[PDB]
Number of protein chains: 4
Amino acid sequence: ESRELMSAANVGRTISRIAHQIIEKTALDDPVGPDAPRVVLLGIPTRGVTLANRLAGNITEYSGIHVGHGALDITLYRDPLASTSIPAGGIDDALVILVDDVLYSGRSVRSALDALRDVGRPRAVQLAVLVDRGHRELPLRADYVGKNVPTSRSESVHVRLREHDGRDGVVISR
Amino acid sequence: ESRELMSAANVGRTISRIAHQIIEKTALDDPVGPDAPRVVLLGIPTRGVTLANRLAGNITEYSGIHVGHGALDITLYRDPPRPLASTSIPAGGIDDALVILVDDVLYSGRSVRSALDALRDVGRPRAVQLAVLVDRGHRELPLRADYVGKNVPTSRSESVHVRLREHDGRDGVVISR
Amino acid sequence: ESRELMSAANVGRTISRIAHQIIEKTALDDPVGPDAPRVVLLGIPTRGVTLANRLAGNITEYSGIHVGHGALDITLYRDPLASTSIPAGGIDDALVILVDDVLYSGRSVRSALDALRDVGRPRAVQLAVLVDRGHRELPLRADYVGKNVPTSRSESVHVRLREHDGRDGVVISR
Amino acid sequence: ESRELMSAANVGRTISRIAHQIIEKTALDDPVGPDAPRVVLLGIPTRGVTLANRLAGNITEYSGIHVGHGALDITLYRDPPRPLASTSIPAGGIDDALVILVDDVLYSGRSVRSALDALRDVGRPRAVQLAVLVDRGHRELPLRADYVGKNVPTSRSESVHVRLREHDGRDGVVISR
């Protein structure tokens, strides 16, 4: 049994809202200096990558600015995906925003942290996620959250994005 | 003296962001549910109203749709003899509406509690939410904003000055001792 | 169909935890001065009163100190209960902690605020509740919360306390 | 110079309060569910351990029950050649346990991230939570504490000094510029 949490229209609005929050918290409207960091979005495959693309694309059209974005494959860091793609310049002294679709256990994000340190040494790392569905197993939290969804362990939350799934949305299932 | 908390750039982006949040939480981007309450913004005079107008218009720039908005004077409800600004309720009233009260700064919460009194003299909303630009802490009542531009730790000896372009000529926030 | 959210033992622990939080936030371990307020707990009948009693009683045994407690009848302020009982000294310049069992709409708390101002003029008002079950209709929030419980509108949350119900606990129903 | 953030009185009460919170969130007051993980506290040396010991013992003073507790040295995992304190894992290990990492102050989060690395070299917990006395903001990693004594806005030029009686002779917290 299915039930929809977020419509296509909700997903798109939520993403633009998140882009605004990123612009605010990372000072992208401000001039630049030691406390305006270079920002890079890295998605966790598969849907995390697409979200990072949608965010980088919203940011650009809202602020005119091109933030680096890419993908961080965590296959080798886990306890047919996109391979790792790091923008030109790398991530040394950058503010990396890790992007994922759903924050559940937090284990995927911990894996991303590990994979990141093989890439280089960011000044800071933040986390943006479309859904936070509780049940953390690690002391992790998202800086930017589309929707907080209370769930039971027997429920599954599924994020659908156009590119992979044909339509945007989020559904809960049992 | 004084330091800039928010630049003009920071103000417009934050107002845009709150408009986005209002759309989400009250469901303007979707076709309107069976018993969804209409949304009405009521500013607290004078800068609350300036903010409400900007939000209404960002909401329409961003999502094309038109929310009722207006002004709720609270002069007589706070703390001379008379109301210093006009109360303006959009057509259709606020009965069974979702009213969002809008102010520049959330401090003690006493202004919002006044506005709850004033609203009750206008009508009977289904629900009341609160949007502010700055929440500066130091609540004296169990009130909080639904929407907040910036949360700003302050000392009781600091002051927060919000400027909005249509009322003040520039956008900005500064804090002074 | 029923299901239990909090056992008797959970309820009692949660109450003592709340008493500790009150001691901390209201400076009852500190000497006294213009920023150590006199504290008074007022319960909203029926179960809110009993909770205020249980809290005042936990505070006393934890810190040795006797905080004023009473009841605030909101019958005349609503949109066979306990009548209003205000401790000696009243509430002028006090820190009043309103106590209720469940925070739902917030309308009961708004009614309490109104009833309070007929009693006198506190320096500040806080709110302590055993359960917050979402679905606010007013911009109100509890300073102290036992359990946050996500609910649907069709669910009912019931707080049971020994004195009224025979055993402590909280149950969700449909 | 320096001002008192927390008196000795404030420290003991706050530690007691966190012990209460740990009991709730991990379910020590109830008869233990079918697949409830056992709870183990691991302090980060040296004051983290002092705090963990106090929590373990408040938890037993308050609820009579005994949680595993110990020390996780992170010397080699942060940032010389060697470990400056001892790692001490209680009998039964941490495999499929609920480990609560305990430290005095949560700042950047880099110490906690080190401790996650160190924990992984000890075993495979089912879950890891974090308790700290003071969270002073300025996170550089997406980490947060499950349990916090006090949230303290700070500037990067301020320092927070936690003193706990068994390690330092008095209980207290001060902040200095």
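Just so you know, the numbers here start at 1 and follow the chain as drawn.
Determination method: X-ray crystallography, 1.9 Å.
Heads up, the Cβ atoms here are built off N, Cα and C, so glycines get one too.
Lifted from Swiss-Prot, the feature list:
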{"type": "BINDING", "residues": "B:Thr46, B:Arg47, B:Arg82, B:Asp103, B:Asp104, B:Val105, B:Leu106, B:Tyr107, B:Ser108, B:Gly109, B:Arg110, B:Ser111, B:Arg136, B:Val160", "note": "substrate binding site"}
{"type": "MOTIF", "residues": "B:99-111", "note": "motif 'PRPP-binding'"}
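Just so you know, the Cβ of B:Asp104 (substrate binding site) picks up 24 other Cβ atoms within 10 Å once every protein chain is counted. In the three-state DSSP classification, B:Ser108 (substrate binding site) falls within coil.
Most other Cβ atoms within 10 A: among the binding-site residues B:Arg82, B:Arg136, that distinction falls to B:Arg136. Binding of substrate is attributed in the record to B:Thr46, B:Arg47, B:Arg82, B:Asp103, B:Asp104, B:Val105, B:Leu106, B:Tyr107, B:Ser108, B:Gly109, B:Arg110, B:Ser111, B:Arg136, B:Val160, and the widest Cα separation among these residues amounts to 29 Å. All protein chains included, B:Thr46 (substrate binding site) registers 16 other Cβ atoms within 10 Å of its own Cβ. DSSP assigns B:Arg82 (substrate binding site) to coil, not to a helix or a strand.
Taking a C-beta cut-off of under 8 Å and a sequence gap of six or more, B:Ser108 (substrate binding site) has these contacts in its own chain: B:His138, B:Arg139, B:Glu140, B:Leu141. Ranking the binding-site residues B:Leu106, B:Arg110 by how many other Cβ atoms lie within 10 angstroms of each Cβ puts B:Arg110 at the bottom.
For the 5-residue gap in the deposited structure, the Cα of B:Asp79 and the Cα of B:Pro80 are 11 Å apart, rounded to a whole number. In the three-state DSSP classification, B:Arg136 (substrate binding site) falls within coil.
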